[PDB]
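Student: Here it is, the structure in full.
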Amino acid sequence: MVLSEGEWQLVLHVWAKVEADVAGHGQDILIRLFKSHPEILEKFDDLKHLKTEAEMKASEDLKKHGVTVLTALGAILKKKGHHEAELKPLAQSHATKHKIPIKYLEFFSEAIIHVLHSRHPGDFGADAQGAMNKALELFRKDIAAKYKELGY
Ligand code: HEM
């Protein structure tokens with residue numbers, strides 16, 4: 001699958017709203033993800049004790065993890081599908097060290113999309129919704145293949 005330049009433009013236009021407050025979006029996305037999927041919280045040894053929303057918002061460690069994922073994903077999206085080099089070390093760490101099943105990445109994509117609908121609807125209309133679905137599907141397809149390429 002291959003996105004048009006117009007689709008990438010819609011993706012990166014709403015992504016620019018995320019990067020206006022990366023830490024705040026990271027908190028929102030991760031808190032949504034951890035509440036929807038408590039099994040994912042269990043994968044973070046430094047976070048897995050967290051329970052309340054106030055506790056999650058107070059955690060400097062959670063905030064750092066939100067910045068790390070959104071910064072890496074932003075760099076990948078700006079490759080507009082030419083992301084082989086970026087996906088290799090991510091597959092290695094997430095498959096073999098963090099032990100993240102591939103389906104968890106779909107739950108992360110769902111949390112991104114939920115936060116974009118809530119925060120930035122004026123930049124997330126019908127066309128941009130479709131384009132973001134496609135960009136995250138392409139990311140998931142390609143990283144799932146990288147998981148397999150490493151034997152996981
Ligand atoms: C449900 C989805 C995911 C889970 C559960 C997960 C889990 C983790 C964990 C446990 C760590 C190690 C944290 C630490 O102890 O310092 C980590 C690191 C990291 N994650 Fe994720 N991750 C997910 C998705 C992603 C995605 C989609 C990206 C980028 C597009 C990403 C980028 C990173 C980066 C850059 C690091 C630091 C370096 C590395 O270990 O590769 N993560 N992740």
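Identifiers in the structure tokens: chain A, B, ... in order shown; residue index from 1 per chain; ligand index from 1 in order shown.
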Could I get the residue neighbourhood of ligand 1 at 6 Å, counting only C-alpha atoms and all ligand atoms, as number ranges by chain?

Tutor: A: 40, 43-44, 68-69, 72-73, 90, 93, 98, 100, 104-105, 108

Student: Filtering to C-alpha atoms, could you give me those residues as a PDB file, in the first residue's frame?

Tutor:
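What follows is the written file out_14.pdb:
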ATOM      1  CA  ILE A  40      -0.238  -2.831  28.043  1.00  0.00           C
ATOM      2  CA  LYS A  43       4.816  -4.055  29.839  1.00  0.00           C
ATOM      3  CA  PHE A  44       6.398  -0.946  31.449  1.00  0.00           C
ATOM      4  CA  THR A  68       9.684   9.007  23.269  1.00  0.00           C
ATOM      5  CA  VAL A  69       6.919   7.261  21.297  1.00  0.00           C
ATOM      6  CA  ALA A  72       9.826   8.386  17.071  1.00  0.00           C
ATOM      7  CA  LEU A  73       6.458   8.057  15.325  1.00  0.00           C
ATOM      8  CA  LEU A  90      12.087  -0.621  16.699  1.00  0.00           C
ATOM      9  CA  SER A  93      13.585  -3.800  20.678  1.00  0.00           C
ATOM     10  CA  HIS A  98      10.111  -5.411  25.343  1.00  0.00           C
ATOM     11  CA  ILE A 100       5.221  -6.415  22.696  1.00  0.00           C
ATOM     12  CA  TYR A 104      -0.657  -4.090  20.846  1.00  0.00           C
ATOM     13  CA  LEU A 105       0.487  -1.675  18.137  1.00  0.00           C
ATOM     14  CA  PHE A 108      -1.812   2.213  20.246  1.00  0.00           C
TER      15      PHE A 108
END

Student: Region 116-119 of chain A: which residues within 9 Å, counting only C-alpha atoms, same-chain residues fewer than 5 positions away excluded, as a PyMOL selection string?

Tutor: chain A and resi 14+18+111+124-125+129

Student: Using only C-alpha atoms for the distances, tell me which of A:134, A:46, A:84, A:13 is nearest to residue 59 (chain A).

Tutor: A:46

Student: Hey, can you check how far CA of residue 146 (chain A) sits from CA of residue 107 (chain A)?

Tutor: 18.4 Å

Student: Using only C-alpha atoms, which of A:123, A:137, A:60, A:142 sits nearest residue 85 (chain A)?

Tutor: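 Under the stated criterion, the closest residue is A:142.
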
Student: Rank nothing, just name the residue among A:58, A:128, A:144, A:135 nearest to residue 109 (chain A), using only C-alpha atoms.

Tutor: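 For residue 109 (chain A), the nearest of the given residues is A:135.
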
Student: Which residue is closest to residue 110 (chain A)? Choose from A:71, A:36, A:52, A:92 and count only C-alpha atoms.

Tutor: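 With only C-alpha atoms as the atom set, the closest residue is A:36.
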
Student: Which residue gives the smallest distance to residue 80 (chain A) among A:33, A:26, A:50, A:132, with only C-alpha atoms counted?

Tutor: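 Residue with the minimum atom-to-atom distance to residue 80 (chain A): A:132.
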
Student: Could you tell me which of A:42, A:127, A:113, A:120 comes closest to residue 99 (chain A) if we count only C-alpha atoms?

Tutor: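 Smallest separation from residue 99 (chain A) among the options: A:42.
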
Student: I need the alpha helix (DSSP H) residues of region 85-127 of chain A per DSSP on the backbone, written as a PyMOL selection string.

Tutor: chain A and resi 85-91+102-119+126-127

Student: May I have the residues from that selection written out with N, CA and C atoms, as a PDB file, in the first residue's frame?

Tutor:
ATOM      1  N   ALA A  85      14.744   1.921   7.520  1.00  0.00           N
ATOM      2  CA  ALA A  85      15.847   2.076   8.464  1.00  0.00           C
ATOM      3  C   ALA A  85      15.341   2.365   9.869  1.00  0.00           C
ATOM      4  N   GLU A  86      14.245   3.119   9.979  1.00  0.00           N
ATOM      5  CA  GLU A  86      13.697   3.447  11.291  1.00  0.00           C
ATOM      6  C   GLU A  86      12.993   2.251  11.920  1.00  0.00           C
ATOM      7  N   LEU A  87      12.371   1.397  11.105  1.00  0.00           N
ATOM      8  CA  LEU A  87      11.598   0.291  11.661  1.00  0.00           C
ATOM      9  C   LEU A  87      12.471  -0.851  12.166  1.00  0.00           C
ATOM     10  N   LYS A  88      13.675  -1.021  11.605  1.00  0.00           N
ATOM     11  CA  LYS A  88      14.545  -2.118  12.030  1.00  0.00           C
ATOM     12  C   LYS A  88      14.836  -2.117  13.526  1.00  0.00           C
ATOM     13  N   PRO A  89      15.392  -1.054  14.117  1.00  0.00           N
ATOM     14  CA  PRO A  89      15.688  -1.127  15.551  1.00  0.00           C
ATOM     15  C   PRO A  89      14.446  -1.145  16.416  1.00  0.00           C
ATOM     16  N   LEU A  90      13.335  -0.566  15.945  1.00  0.00           N
ATOM     17  CA  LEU A  90      12.087  -0.621  16.699  1.00  0.00           C
ATOM     18  C   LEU A  90      11.550  -2.042  16.772  1.00  0.00           C
ATOM     19  N   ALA A  91      11.585  -2.765  15.649  1.00  0.00           N
ATOM     20  CA  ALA A  91      11.181  -4.163  15.676  1.00  0.00           C
ATOM     21  C   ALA A  91      12.080  -4.979  16.599  1.00  0.00           C
ATOM     22  N   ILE A 102       2.375  -7.980  18.364  1.00  0.00           N
ATOM     23  CA  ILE A 102       2.063  -7.047  17.277  1.00  0.00           C
ATOM     24  C   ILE A 102       0.696  -6.396  17.450  1.00  0.00           C
ATOM     25  N   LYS A 103      -0.285  -7.137  17.977  1.00  0.00           N
ATOM     26  CA  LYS A 103      -1.624  -6.568  18.115  1.00  0.00           C
ATOM     27  C   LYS A 103      -1.648  -5.363  19.055  1.00  0.00           C
ATOM     28  N   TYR A 104      -0.690  -5.267  19.979  1.00  0.00           N
ATOM     29  CA  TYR A 104      -0.657  -4.090  20.846  1.00  0.00           C
ATOM     30  C   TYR A 104      -0.447  -2.807  20.051  1.00  0.00           C
ATOM     31  N   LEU A 105       0.290  -2.877  18.942  1.00  0.00           N
ATOM     32  CA  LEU A 105       0.487  -1.675  18.137  1.00  0.00           C
ATOM     33  C   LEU A 105      -0.820  -1.183  17.531  1.00  0.00           C
ATOM     34  N   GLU A 106      -1.749  -2.092  17.227  1.00  0.00           N
ATOM     35  CA  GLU A 106      -3.068  -1.674  16.760  1.00  0.00           C
ATOM     36  C   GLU A 106      -3.815  -0.908  17.846  1.00  0.00           C
ATOM     37  N   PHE A 107      -3.693  -1.347  19.110  1.00  0.00           N
ATOM     38  CA  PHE A 107      -4.336  -0.629  20.207  1.00  0.00           C
ATOM     39  C   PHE A 107      -3.732   0.758  20.400  1.00  0.00           C
ATOM     40  N   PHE A 108      -2.420   0.891  20.207  1.00  0.00           N
ATOM     41  CA  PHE A 108      -1.812   2.213  20.246  1.00  0.00           C
ATOM     42  C   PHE A 108      -2.358   3.101  19.130  1.00  0.00           C
ATOM     43  N   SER A 109      -2.498   2.554  17.922  1.00  0.00           N
ATOM     44  CA  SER A 109      -3.069   3.342  16.834  1.00  0.00           C
ATOM     45  C   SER A 109      -4.482   3.795  17.155  1.00  0.00           C
ATOM     46  N   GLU A 110      -5.291   2.905  17.744  1.00  0.00           N
ATOM     47  CA  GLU A 110      -6.638   3.292  18.156  1.00  0.00           C
ATOM     48  C   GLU A 110      -6.613   4.460  19.133  1.00  0.00           C
ATOM     49  N   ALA A 111      -5.661   4.463  20.073  1.00  0.00           N
ATOM     50  CA  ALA A 111      -5.598   5.543  21.058  1.00  0.00           C
ATOM     51  C   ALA A 111      -5.208   6.864  20.408  1.00  0.00           C
ATOM     52  N   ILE A 112      -4.240   6.835  19.484  1.00  0.00           N
ATOM     53  CA  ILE A 112      -3.909   8.035  18.715  1.00  0.00           C
ATOM     54  C   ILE A 112      -5.156   8.587  18.056  1.00  0.00           C
ATOM     55  N   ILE A 113      -5.862   7.737  17.316  1.00  0.00           N
ATOM     56  CA  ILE A 113      -7.013   8.194  16.550  1.00  0.00           C
ATOM     57  C   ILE A 113      -8.092   8.766  17.467  1.00  0.00           C
ATOM     58  N   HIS A 114      -8.313   8.134  18.623  1.00  0.00           N
ATOM     59  CA  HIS A 114      -9.299   8.660  19.566  1.00  0.00           C
ATOM     60  C   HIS A 114      -8.925  10.060  20.030  1.00  0.00           C
ATOM     61  N   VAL A 115      -7.644  10.280  20.339  1.00  0.00           N
ATOM     62  CA  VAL A 115      -7.185  11.584  20.822  1.00  0.00           C
ATOM     63  C   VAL A 115      -7.264  12.637  19.717  1.00  0.00           C
ATOM     64  N   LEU A 116      -6.962  12.252  18.473  1.00  0.00           N
ATOM     65  CA  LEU A 116      -7.068  13.198  17.368  1.00  0.00           C
ATOM     66  C   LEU A 116      -8.518  13.628  17.129  1.00  0.00           C
ATOM     67  N   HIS A 117      -9.476  12.694  17.215  1.00  0.00           N
ATOM     68  CA  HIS A 117     -10.886  13.057  17.076  1.00  0.00           C
ATOM     69  C   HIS A 117     -11.296  14.052  18.154  1.00  0.00           C
ATOM     70  N   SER A 118     -10.818  13.848  19.378  1.00  0.00           N
ATOM     71  CA  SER A 118     -11.236  14.702  20.482  1.00  0.00           C
ATOM     72  C   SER A 118     -10.547  16.061  20.443  1.00  0.00           C
ATOM     73  N   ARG A 119      -9.242  16.083  20.176  1.00  0.00           N
ATOM     74  CA  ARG A 119      -8.486  17.316  20.290  1.00  0.00           C
ATOM     75  C   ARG A 119      -8.539  18.182  19.044  1.00  0.00           C
ATOM     76  N   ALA A 126     -13.109  14.032   7.367  1.00  0.00           N
ATOM     77  CA  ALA A 126     -13.253  12.716   6.745  1.00  0.00           C
ATOM     78  C   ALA A 126     -11.999  12.300   5.973  1.00  0.00           C
ATOM     79  N   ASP A 127     -11.439  13.211   5.177  1.00  0.00           N
ATOM     80  CA  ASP A 127     -10.271  12.848   4.375  1.00  0.00           C
ATOM     81  C   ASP A 127      -9.065  12.560   5.257  1.00  0.00           C
TER      82      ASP A 127
END

Student: When you look at residue 66 (chain A) with a cut-off of 10 Å (counting only C-alpha atoms), what residues show up, excluding the ones that are within fewer than 4 positions of it in the same chain? I need them as a ChimeraX atom specification.

Tutor: /A:22-31,60-62,70-71
